[PDB]
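Just below is one structure, and these are the notes that go with it.
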Ligand SMILES: [Hg+2]
Ligand SMILES: [Hg+2]
Ligand SMILES: [Hg+2]
Ligand SMILES: [Hg+2]
Ligand SMILES: [Hg+2]
Ligand SMILES: [Hg+2]
């Protein structure tokens, strides 16, 4: 049910095609082991012919007859075998995949649409809670996981039955208690394998989790770097914790590693154990009873069974996951909560006109406990009027303006439109009949026209034309390029909020209501526009009855009535002069107011070269690698031997021959490998450890040392970098361990196979190598195309989903709801196309998969057939075919390798290239001399000449175009610019973060072009807007490890002293010892700046960069700090730059720079004397 069933609902000819495909799956699995059996009977006839071949030494002609007999005979049998099966799979494989999509396909389509409309209907809850972000995200993420859940489930079914029926059909049928010898030994061994192996496997995971914890404590902060570049470079705290925990769980999860290893050793040691009881119990039960050399088929086949239970397991996992996902957040999906609103049938007050009536309504936000903002409120408002709501402490005004749209049903009491109660009339209708314009005016990415059209679907540009013009929009929309068809460069990002807002008004204007709510509308907008905007509002509302809430008491006046609010609290109602005449709230408040990137450079064999660089040595590992390899073909022969030396030979000793080869198979594989792993995993794994550590280090310092427009002008977020660090070291480790499983698999498969290929008598050797390359080639080609379709669909769906987020992500739609389905509808179209395309690709997956299995039979058949070729009287055609199985199984061996161990190279090589380009870099500023700190360079006179520059992005021309100023010593360079850039760039430039594109500078005596950077920054009393401190105790922060500068206590005290942060230092728990506590949050920026300043005056500079420092503070913070910055200066030169146009008066040389070019300068009154620019600045300052 629900879980599983709801999970699998929706589907007539769906459910039917489904059960059909399941069936195909069934028969298919059954194919694999039937195929086993037949391999058996062909093999038996093969023994009989080899047995009499063994006898030989007699009637030659009867050998030519007995032989061409079974030859051509089983030759017929082989034919009908590849046939029956072969054709079989092709047909049914294609069928089970047609299961996959036909099913999941339609099933999701249905899902998809229900959810789209579902979300769009959850209404005010979809704001009430839900990250919304986390939502759309889940829309796609989950929807898809459902998909995988369905077609893979099919895969399982199929295998569930090749295992079930195999282990059965043969696991019993053949042997009658011998097949049980199977059941017995076999399933039992298989038991020890499953347990022990899986035991450690869980053990492994636990190892990996503890790893993860250590890796986070391997992270810490890595941002704020600007502050940290003027700091120097942590460099050692990072390494410290890094290699600490890493090494730890390195070798540790590396024991579980060398335990995954020790695990390969498990399953495999225990694999050859299989071989043990396998052959053992076999041989005994082959010299006594059931003497066939065909126990093979049986036991061997039951083995196939185990393997299949494996594949079945991952498929099942898939199912369950997709279930959990959909099903649970499906009740989140399907489910039709709503009721807090709806958008269907209802009541219709077509009387048009009427008065609003807020009657005795209490209400608290959706968040169950906040105060009932509307704490019992009554109000009424006549028609054609326009009422002003006046509040400030938030939480009310806006809200009544809220439910006046039924946004939320009234907690208690009620409201009435016209004369009926809001709740009673239908929504779509209400919402329409209620024009509304709030602050944030949002415009979807489209033409102006289309946005107004959103206001009203059907409607002709003649009406829009009217609309705009009515909302004074007609002018700009006309001069602006393209006209109404002009767009809106992705989101409402292209024009001024002023016009945005206007456009809106137009939108709502075509909606043409009878109620109009203006939520501060005009607000948060430039003054002049505010005018124009309110202007359009005016020409809009009187026709309509309107409730407006706002702060511009200036635009309040003309209120037919006002009401007193201020954070949920109704009081004084009435006309202006009345609420002023009251000298109450109105009057009161009235007077109070007066992460993408991927790069082309690869690294052909380079990270190999550099590999070994990132390497000490471990030939040892590669050593056993070679052995592991041989180990495999070895098996090929040891087995081929058994069967051989028992399918044709001398009677006595066959027990010892058996028994021997049996144990041989065990001791050999079992041990050798257990070993192989243990060892190799030890050495090579350790290579992964180190490589990754000495790597995270290498890279990190590369960054610390790096700098300049890296973060100075990036698109390499803190994340992108923490990312790089962790993920990349890992990956690379991968590129090296890979070179290892390379020499290895290599020798094994080929080398060994080829030698034994010599003993191959050129008729199979060749017979196969042709086959393996082709079937191998399939593995590849198939997976390839499978990816193409996967990604491309991700694209089409991306168009759709991208736009479905546009909506859900923009709820400021339900506002009008005049799009709803219309919306998700446009997306119904998009889908539509990717849907038809989906049915096809369904088919595709099928044909492909199938064709692969057809290769299955083709391969085998041709093989065994050709091999057998010519056994007329006993010729070069006999047992050797078993070594043929050896080279076929060889190709399959290497297959294990590609589909196992480290990341398919790839992502690892990519990651390598990446972390390599990053580790290469250009220090740009480590050491250097460019002076020798001469014991006189203390003057501190700053020189800026020519100074032309633009932070790399130069196309936006520079913000410094031919600049030149300077600053005497022990004094104060006053900086007053336009805004933002300019003041910053200057500072920086001194800090020589970015070097001027032309011209030069002299902190005193010579090219702050070429002066030793580290020293240049030795002196820099820098303190900016947003201070900051990494979490050391403030005593340490204070002690900002500028360099060798030791934590001079009394020094840190000197700072705290003139810092005036001492006020917190005197008492405040733990005093200096108090860590910034939680990275900061526990102290006002005022105190913070006190510390920053400390830091600085602790450095005992000579020059100072006071970048608008206090430009966000208040009273005694501001002031006291100016007292700090005060005594902080005059002892040294300092460019105090700011937007404190006021307190800037105490300046030595005040320069008025106009972004790029300096236009005014001199002393204050002298500047005013120069009535003009600086003047206007002071005249606006008022
Ligand atoms: Hg599919
Ligand atoms: Hg609130
Ligand atoms: Hg090895
Ligand atoms: Hg800038
Ligand atoms: Hg710190
Ligand atoms: Hg200053």
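We number each residue from 1, going along the chain as drawn.
If you check the header, you will see the structure was determined by X-ray crystallography, 3.8 Å.
Cβ atoms are placed via backbone N, Cα and C, with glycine included.
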Going by Swiss-Prot, do residue 291 and residue 722 end up on one side of the membrane?
no
Which candidate, of 51, 611, Swiss-Prot gives the annotation N-linked glycosylation site
51
Look up transmembrane segment in Swiss-Prot and report which of 793-814, 815-836, 881-902 it refers to.
881-902
Swiss-Prot annotation, N-linked glycosylation site - which of 55, 716
55
Out of 180-200, 259-280, 619-639, 881-902, which stretch touches the transmembrane segment (295-316) the most, going by CB pairs under 8 Å?
180-200
Pairs of Cβ atoms less than 8 Å apart decide it: which stretch in 12-34, 259-280, 664-684, 881-902 has the most with the transmembrane segment (762-781)?
881-902
Spacing of the two Cα atoms, residue 391 (ATP 1 binding site) and residue 979 (ATP 2 binding site), in whole angstrom, works out to 33
In the same chain, which residues outside the set 977, 978, 979, 980, 981, 982, 983, 984 have their CB within 8 A of the centroid of the CB atoms that define the ATP 2 site?
959, 985, 1155
Residues sitting near the transmembrane segment (12-34): Cβ under 8 Å, six or more positions beyond its termini, same chain?
85, 88-89, 92-93, 95-100, 102-103, 106-107, 154-155, 157-167, 169-170, 301, 304-305, 308
Centre the Cβ atoms of 391, 392, 393, 394, 395, 396, 397, 398, go out 8 Å, and tell me which other residues of that chain have a Cβ in range of the ATP 1 site.
399, 565, 566, 567, 568
Taking DSSP helix as H, G and I and strand as E and B, the topological domain 'Extracellular' (640-663) has 18 helix, 0 strand, 6 coil
Secondary-structure category, per DSSP, in which residue 984 (ATP 2 binding site) falls:
helix
Near ligand 2, which of the binding-site residues 392, 395, 981 are found, taking a Cβ distance under 6 A to any of its atoms?
395
Using DSSP and three states only, what is residue 392 (ATP 1 binding site)?
coil
Cβ contacts within 10 Å for residue 396 (ATP 1 binding site), all chains included, total 25
So if I exclude everything within five residues of the ends of the topological domain 'Extracellular' (281-294), which remaining residues of that chain have a CB under 8 angstroms from its CBs? That is, six or more out.
40-41, 43-44, 47, 175, 178, 181, 184-185, 643, 646-647, 654-655, 658-659, 662
